[PDB]
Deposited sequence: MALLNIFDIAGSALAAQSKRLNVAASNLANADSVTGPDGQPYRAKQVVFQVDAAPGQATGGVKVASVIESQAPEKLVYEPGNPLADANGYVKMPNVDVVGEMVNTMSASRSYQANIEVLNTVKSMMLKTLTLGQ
C-alpha cells in the first residue's frame, strides 16, 4: 500500500518533534534548581515503539531518567536536606546537543521521503 506512507511519515515527524522538544526542554532546564513544589528538575526521555509486522514509530511515553542527582552543597538554602546537600538536575550538555542534530536530520530525511512518495503517487495518478 502506497497510501500508508503518509501516516508512516507523519508518525515519524511527530515522534521526532516530540524528541526535539524534550531535548530543548532539558537544555533549558539544565540549571534549574527547583520545580513548583520543591521537586528538583529531572531529565526526561521519550520511548519509541513500532506501530505494528512493522510500521511507523510512536512515542509510547515520556519517562524521567533514573540517574543519581548531581547534588551540590549549599547549606544556607531552604531546600537543603539534613546534611545541606541540595539536589540538581542530572542533565549533561553533549547529549542534548547531539539529540537535537540527530532529530533534525531524521525529520529532514522523513520530509524528503514524503516528498518523493507524494511525487510518485501524483505521477501514478495519471497512468496512460
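Regions of the deposited sequence not represented in the model
In the chain as deposited, 1, 54-57, 134 carry no coordinates.
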